[PDB]
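Per-entry structural report
In case you want the letters, here they are:
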Amino acid sequence: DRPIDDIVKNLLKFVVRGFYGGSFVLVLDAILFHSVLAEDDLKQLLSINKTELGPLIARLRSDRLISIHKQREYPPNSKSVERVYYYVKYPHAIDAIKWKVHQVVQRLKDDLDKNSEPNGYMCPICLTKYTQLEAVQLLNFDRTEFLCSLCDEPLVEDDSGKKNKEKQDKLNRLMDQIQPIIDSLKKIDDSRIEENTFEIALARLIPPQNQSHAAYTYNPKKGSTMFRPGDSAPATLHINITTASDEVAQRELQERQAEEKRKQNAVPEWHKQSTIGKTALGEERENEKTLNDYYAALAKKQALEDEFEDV
Amino acid sequence: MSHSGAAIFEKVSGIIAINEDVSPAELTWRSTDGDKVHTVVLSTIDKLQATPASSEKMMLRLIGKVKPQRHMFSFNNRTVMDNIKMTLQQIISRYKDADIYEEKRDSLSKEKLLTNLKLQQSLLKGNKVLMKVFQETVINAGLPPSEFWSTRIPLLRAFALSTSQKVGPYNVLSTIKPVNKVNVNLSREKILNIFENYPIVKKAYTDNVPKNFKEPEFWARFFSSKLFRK
Amino acid sequence: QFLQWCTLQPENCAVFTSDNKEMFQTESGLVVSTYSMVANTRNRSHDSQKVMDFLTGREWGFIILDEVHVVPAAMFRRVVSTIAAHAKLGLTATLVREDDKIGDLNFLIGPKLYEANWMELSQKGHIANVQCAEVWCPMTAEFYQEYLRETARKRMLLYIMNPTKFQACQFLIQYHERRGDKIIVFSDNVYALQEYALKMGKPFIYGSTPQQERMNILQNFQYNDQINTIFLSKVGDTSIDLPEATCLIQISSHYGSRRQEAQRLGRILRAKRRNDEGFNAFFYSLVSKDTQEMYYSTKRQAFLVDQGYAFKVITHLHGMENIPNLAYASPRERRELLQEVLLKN
Amino acid sequence: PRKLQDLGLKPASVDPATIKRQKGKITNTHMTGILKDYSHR
DNA sequence: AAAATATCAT
DNA sequence: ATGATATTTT
Ligand SMILES: [Mg+2]
Ligand SMILES: [Zn+2]
């Protein structure tokens, strides 16, 4: 329950809200409120059919903000069914977010750099783009205009010359609107996050429904060496108050223990006295009351059977 | 965390929580919808049983004092069960231990010595021959009681000093050694020394004497607390 | 012991024993072996032969002849000649030998450099005090009559299996087990050893026992409360360490030989609880009155008398009659045992 | 993770491929079973 | 499990 | 010189 988990949760919520639609927020928030959600349970929670949930789950899996886990279940009174669970793998989600943010920033930076380059040329008819260097070898004999090789028609200058400021504004807007992600990423990198799996995610589980069919458990097959891709990750105190009666009792027990120890090391009888001639082996209560009454007079004068183990 | 976790009760999923602030501590499980709520007081619970870790299925059953009452809880993750099981064991053992214990259950001036009536009675009760002579010489004889103690001042002073002297201060807590289950012994003199040397323990004790819980449970909590370590 | 008390590492330690013939490949190191392996001349396996050739190959600086009281044997003398060492040291506790070969040690290894007083070390608290005793076990009339007629070699089995001796051994073990004392009962006669052990439901060690079982019994008897007493044989008479043992009995023993008596007594002279105040180990010798065992026992304890130990004769064992159960109490049981022992020869 | 490290950013994940997945006859007869094996101390 | 060589005592 | 017991090897 470290604050790092909350920070990562905030990063995921902000990223989903800012870079995904509405239903995406619903799906990812549910698996963020509940550590692991079954496919059937998720549909019931959001009241969205399978078709609607299709694009949401698939898209979130592509960006690796969510992870899937398929396991066989054996309900007591139903046919075995393969269930699907969704949970968040923080190391992958953070890495995917970091790379994607870098790519978007880099792409805009490259676009801004490219725009400053000379416009170029393009043919109006065949719509073939000619660069400044490439067009300079196509000018006619009269040195008047550039002629397209395919069409033999004058070329027309390219646009985007005046967009120089537009790209800079676009880059400025993104960085202004992406600052929370950068701050969250910096905090995440400062600390360390342990890799999450289905078993670990089940710890922070809040059951969605009273009688969900899916069993939110994990019982891997015994002695199964099979490995699947993307399925592995890196006293009581007793107190006894002693009173006078107990104190003397403890002393008596200690004395008895000492006596037993002394007797243990004592030499046998046959080793102490020379054995030769022995046969060969082969009322006061009334007095107290009258005193109490007398003293009382004084003071007045002055004034379901299963395997189990004990725990 | 240890206090709260996910569990299934009566084939219904829900959240199981442990409340220790309210005495006695109680365990309450509530369904996801909240329509179903069950509460069990740990004081009544006596024995706790858990399925072996080898078994795939995980459950915890609590059986209380009487057709004994039983309460069974099922968990999803094994780690949560261990934390819940450990905390329940601590409280169950602590409450059981308390039940076992319950089942077991100037002044030296000559003038003031003469005037000290209570001291005279205490001495006379303890001694027999002196009481016998006092009865003869003050009940039927009629000699003034005050005059009798005039000639027995040294005996009266010695008796008073036999209970008006106290041992010197010492590091009481450093003498306590716990010596898993560990037995540590305490004595009334030991309890008094702790209160005198450490007023904070006295302030904590006075509040909880009859109100929070019985005295024996206090020491078990105290020795298991970080305050004792500090 | 070498590992526990020095800086040497396993790289330089190799044991040339029957269990394993591992040899050290380091430039130099310690090699511990046994007399039989080195002394053997006629038939030795090739795998052992290579290690033996390795032993004879390099020149050694030091050679320790542990238990040097057997070197003067007919064949063990070859160990000194075969192995070439500059300095040879012999270490033994009982420099006693029935024949006149003990003096030969002075020209096989070297002069007797040093000696220590058994009594002196006992006072210093280094070796536990022992109160030796020699219990006299009378032979019953039915048993005794068969003793006289039988021949000498058959004579041994009559008094070793004396029913009175059996009762004495049972009483001493029961009495000393109450005091929480570990008891070792030596018996050179294998048949008597097994018979006593089976009746008493206690373990035993001798030649037939494998190395693994023998070690297991030794380790178990050292660290288990239930197994307080174990019987032994000639194998354990010499050169074994076991601090737990405090008491000791011998129902039967080899012919008159001071070496075995001293060695058996030494088995309980290193008790860890020797410095405790007012402690005395025990050493019991059960013999049959009027038999040849009395002659041997007197001749078998001469070395102990010279060193200082004194033997006390115990004619009567107090408290034996009150024992609820005593073996061979009924006359029928004695007769059955007499027939069983007689059928042996 | 490799691309992130090359770009100069600390990666929070690792490549899954780097993960690691992890006698002779006994003469002492009558008393063979009662005694337990105290191999070490 | 059976052979063979030593050792320790008569 | 013989008989026990122990040890090593095949
Ligand atoms: Mg030695
Ligand atoms: Zn064109």
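Residues numbered from 1 in each chain as written, not as in the entry; some residues may be left out. Chains lettered and ligands numbered in written order. Part of a larger assembly, values for the part shown. Heavy atoms only, no water.

For this coordinate set, the PDB header names cryo-EM as the determination method and states a resolution of 3.4 Å.

Thoughts on the nonpolar core
Using the following cut-off: Within this scheme, the nonpolar core is defined by two criteria: the residues are buried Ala, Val, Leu, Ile, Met, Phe, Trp, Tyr or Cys, and they are joined through side-chain atoms within 4.5 Å. Remark: exposure states derive from per-residue accessible area (1.4 Å probe, protein chains only) relative to the maximum for the residue type, with buried under 20%, exposed over 50%, and partly exposed in between. Two residues qualify as a contact provided that any one of their heavy atoms is within 4.5 Å of a heavy atom in the partner residue.
Residues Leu12(A), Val27(A), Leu42(A) and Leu65(A) are the most contacted members of the largest nonpolar core, which totals 52 residues. Discounting chain neighbours no more than four positions away, the residues touching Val27(A) are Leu42(A), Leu46(A), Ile48(A), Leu53(A), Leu56(A), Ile57(A), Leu60(A) and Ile66(A). Core analysis: the next-biggest nonpolar cluster, separate from the first, contains 45 residues, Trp270(A), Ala133(C), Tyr191(C) and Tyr328(C) among them.

Quick notes on the coordination of the zinc ion (ligand 2)
Residues and elements named next belong to chain A. Heads up, the rule is: The rule for donors is simple: N, O or S, within 2.8 Å of the metal, or within 3.2 Å if the metal is Na, K or Ca. Water isn't counted, so a site may look like it is missing partners. Square planar and octahedral sites, with four and six donors, are those where opposite donors lie more than 155 degrees apart and all other angles lie between 65 and 115, tetrahedral sites have four donors with every angle between 85 and 135 degrees, and the rest are irregular.
At this site the zinc ion (ligand 2) is bound by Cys-123 (SG), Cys-126 (SG), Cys-148 (SG) and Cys-151 (SG), with donor distances of 2.3 Å. Taken together, the 4 donor atoms coordinating the zinc ion (ligand 2) span angles of 107 to 111° at the metal, a pattern that classifies the geometry as tetrahedral. Positions of the donor residues of the zinc ion (ligand 2), expressed as sequence spacing, correspond to C-x2-C-x21-C-x2-C. Since its relative accessible area comes to 0%, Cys-123 is described here as buried.

Section: the packing of helix α6 (residues 141-149) of chain C against helix α7 (residues 152-160) of chain C
All names here are of chain C. Here is the rule we go by: Each axis is a line fitted through C-alpha atoms, and for a helix only the stretch in contact is used; angles between axes span 0 to 180 degrees, taken between their N-to-C directions. Put simply, DSSP H or I for four residues or longer makes a helix, DSSP E for two residues or longer makes a strand, and each gets a number counted from the N terminus. Any angle that is under 35 degrees is reported as roughly parallel, and any over 145 degrees as roughly antiparallel; angles of 65 to 115 degrees are reported as roughly perpendicular and all others as oblique. Note on residue classes: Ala, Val, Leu, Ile, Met, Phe, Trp, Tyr, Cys and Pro are nonpolar, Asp, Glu, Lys and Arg are charged, and everything else, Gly too, is polar.
Interhelical geometry of α6 versus α7 gives an angle of 170° and a closest axis separation of 9 Å. Viewed along their axes, α6 and α7 adopt a mutual orientation that is roughly antiparallel. Contacts between α6 and α7 involve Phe-143, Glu-146 and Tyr-147 from the first element and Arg-155, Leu-158 and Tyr-159 from the second. Taken together, the residues of the contact of α6 with α7 sort by class into 4 nonpolar, no polar and 2 charged.

Quick look at the sheet that holds strand β5 (residues 129-130) of chain A
Residues and elements named next belong to chain A. What counts here: When DSSP finds two or more bridges between a pair of strands, those strands are recorded as paired.
Spatially, 3 strands are ordered β5-β4-β6 in an open sheet, and the strand pairing comes out antiparallel. For this open sheet the edge positions go to β5 and β6 (156-157), each flanked by a neighbour on one side alone. As defined by bridge partners, strand β4 (residues 121-122) adjoins β6 across 2 bridges and the pair is classed as antiparallel. Residue pairing in the sheet places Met-122 in a bridge with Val-156 of β6.

A short note on the protein's contact with DNA strand F
Residue and element names in this part refer to chain C. What counts here: Residue proximity to a molecule or strand is established when one non-hydrogen atom of the residue lies within 4 Å of it. Identification of polar contacts relies on pairs of N or O atoms within 3.5 Å, with a donor-acceptor requirement for protein atoms, meaning one able to donate a hydrogen and the other able to accept it, and with residues adjacent in sequence counted only if both atoms are side-chain atoms.
Lining the immediate surroundings of DNA strand F are 16 residues, of which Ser-18, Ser-45, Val-190, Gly-207 and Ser-233 lie closest. Close to the protein, within 4 Å, the atoms of DNA strand F are drawn from sugar and phosphate at a rate of 100%. Within the side chain of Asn-189, a nitrogen or oxygen atom sits 3.2 Å from a phosphate oxygen of DNA strand F. Contact distances for DNA strand F include 2.5 Å between a phosphate oxygen and a side-chain N or O atom of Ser-233. Looking at the surface near DNA strand F residue by residue, the classes come out as 4 nonpolar, 7 polar and 5 charged.

Regarding the state of the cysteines
Residue and element names in this part refer to chain C. The cut-off we apply is this: Pairs of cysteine sulfur atoms within 2.5 Å are what we label disulfides.
If you walk through the whole model with that rule in mind, you get 0 disulfides over all chains. Here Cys-169 stays unpaired: no disulfide links it, and the sulfur of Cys-137, its closest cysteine neighbor, is 9.3 Å away. Of the residues examined, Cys-169 reaches a relative accessible area of 1% and is grouped as buried.

Points about the arrangement of the chains
Here 4 pairs of chains make contact, and the pair sharing the most contacts is chains A and B. With no contact formed, the shortest span from any C-alpha in chain B to any C-alpha in chain D equals 19 Å.

Side note on the interface of chain C and chain D
To keep things clear, this is the line we draw: By convention, the term buried area covers the 1.4 Å-probe accessible surface removed from two parts as they join, with the contributions of both added. By salt bridge we mean one thing: a side-chain nitrogen of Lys or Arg within 4 Å of a carboxyl oxygen of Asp or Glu.
With 19 residues of chain C at the interface, the matching set in chain D holds 13 residues. Counting each side, the surface lost to burial between chain C and chain D is near 1400 Å², with a carbon and sulfur contribution of 61%. Across the chain C-chain D interface, the total number found is 0 salt bridges. Taken together, the links from chain C to chain D amount to 4 residue pairs in polar contact. Sorting the residues of the side of chain C that touches chain D by element identifies α9 (190-200) and α10 (211-223) of chain C as the ones contributing at least two each.

Description of the packing of aromatic side chains
The test is simple: Two rings from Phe, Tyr or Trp (for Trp, the six-membered ring) form a pair when their centres sit within 6.5 Å of each other. Planes less than 30 degrees apart are called stacked, planes more than 60 degrees apart edge-to-face, and all others tilted.
Counted under the stated rule, the structure contains 41 aromatic pairs over all chains. Taking the centre distance of 4.8 Å and the plane angle of 80° together, the rings of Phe134(B) and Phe148(B) count as edge-to-face. One end of the pair, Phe134(B), is in helix α4 (residues 129-140); the other, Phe148(B), is in helix α5 (residues 145-150), and 14 residues separate them in sequence. Take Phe148(B): its relative accessible area is 5%, and that puts it in the buried class. Each ring, one from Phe166(C) and one from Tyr196(C), has its centre 4.3 Å from the other, and the planes form 50°; the classification is tilted.

Details of the protein's contact with DNA strand E
In the vicinity of DNA strand E, 16 residues are found, and the nearest of them are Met75(C), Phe76(C), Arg97(C), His254(C) and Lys25(D). Here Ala74(C) contributes a backbone N or O atom positioned 3.5 Å from a phosphate oxygen of DNA strand E. Here a phosphate oxygen of DNA strand E sits 3.0 Å away from a polar atom, N or O, in the main chain of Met75(C). Among the residues forming the surface near DNA strand E, the class breakdown is 7 nonpolar, 3 polar and 6 charged.

A few points about the interface of chain A and chain B
Each partner contributes residues to the interface: chain A has 38 residues there, and chain B has 57 residues. Both faces considered, chain A and chain B share a buried interface measuring about 4500 Å² in area, 56% of it formed by carbon and sulfur atoms. Across the contact surface, chain A and chain B share 0 salt bridges. Taken together, the links from chain A to chain B amount to 19 residue pairs in polar contact.

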